[PDB]
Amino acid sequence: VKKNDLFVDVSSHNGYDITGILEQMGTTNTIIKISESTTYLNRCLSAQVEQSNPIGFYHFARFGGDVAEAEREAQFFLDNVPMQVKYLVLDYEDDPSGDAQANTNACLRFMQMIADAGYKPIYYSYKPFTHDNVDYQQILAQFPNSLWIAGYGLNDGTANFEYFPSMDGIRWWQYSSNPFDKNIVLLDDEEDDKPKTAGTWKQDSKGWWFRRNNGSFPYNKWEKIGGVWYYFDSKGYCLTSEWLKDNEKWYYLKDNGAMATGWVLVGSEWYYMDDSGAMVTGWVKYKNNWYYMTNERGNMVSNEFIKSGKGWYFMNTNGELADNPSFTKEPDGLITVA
């Protein structure tokens, strides 16, 4: 998954049919509960798996500060993973021991066994509980950006950045549980490795061109080199800092020719692109600030409104906010948090 992607988490509480809540949410990405302690298995597992696209599974911990118990739970969890997924989550929110360092150690041993089994470990919890019962920093030192924290606020079923949990290493944010558990992604999944490419980059007075292994080179086309996309001139030079209309959709190629994804500052205007590079028009919120973007007839416009208190103030590109707010009631657009 990519930044701002959504996913739902479920357990027996959601029953053998979750097609409805996946439709309401608008995604099939799910993290399903497999086990609890060393004896409980979520009965709806296979059904919930079948009805969605799992990105991970979670275990409800009951080991407290006992490392030997955490090991037995991790193993029971592992022995029941039904299919390969990138993540296996440690849901630590109950029965903490009075000894925070012991809680941390058991949590670390649990996460370590998940990592040794070939998965990316995730620590799930709530800020206050984590603050009182463990040293999440000691966890991040061994497992960077491995946190999945919950923080609902009003819990009205929507993502409200005003109540966004402040902690380092937060990978996922469960922003609500109102109807069902809703989560939004803050960091792209990792992909360390994939070294070398299928050619060599060449630079010169005219810019950069790519010499493929066989001597040829891309031109008048898009092409994925490394993990990123680029568009090449009819001469084989990749575009830089430029807009490109391709197939009725707009794309922006950054300073390094790399196709933009997510938020990107062009000049002094903000624009938001699909995970596939296509510009997204209309209302889109970046954290606390709202942007109404449009590209009709190729006229790129970014209407910025900075939040201040209980209001949003329009900011004319002349660098000045109005004296009074433009709106105190947020529009119903795409919410992004990173």
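Counting begins at 1, following the sequence as shown.
- For the two regions 193-201 and 108-116, the entry's Cα B-factors average higher over 193-201.
- The stretch 244-252 shows the higher mean C-alpha B-factor when 133-141 is compared against 244-252 in the entry.
- In the deposited coordinates, the residue among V266, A102, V185, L90 with the greatest CA B-factor is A102.
- Based on the entry's C-alpha B-factors, the most elevated value among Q84, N80, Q174, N213 belongs to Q84.
- Ranked within its chain, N324 lands in the highest third, by CA B factor from the PDB record.
- Annotation for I18: CA B-factor lies in the lowest third of the chain's modelled residues.
- Compared with the other modelled residues of the chain, the Cα B-factor recorded for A338 ranks in the middle third.
- Among all modelled residues in this chain, the alpha-carbon of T39 has a temperature factor (C-alpha) in the middle third.
- Sort the modelled residues of the chain by CA B factor and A68 lands in the highest third.
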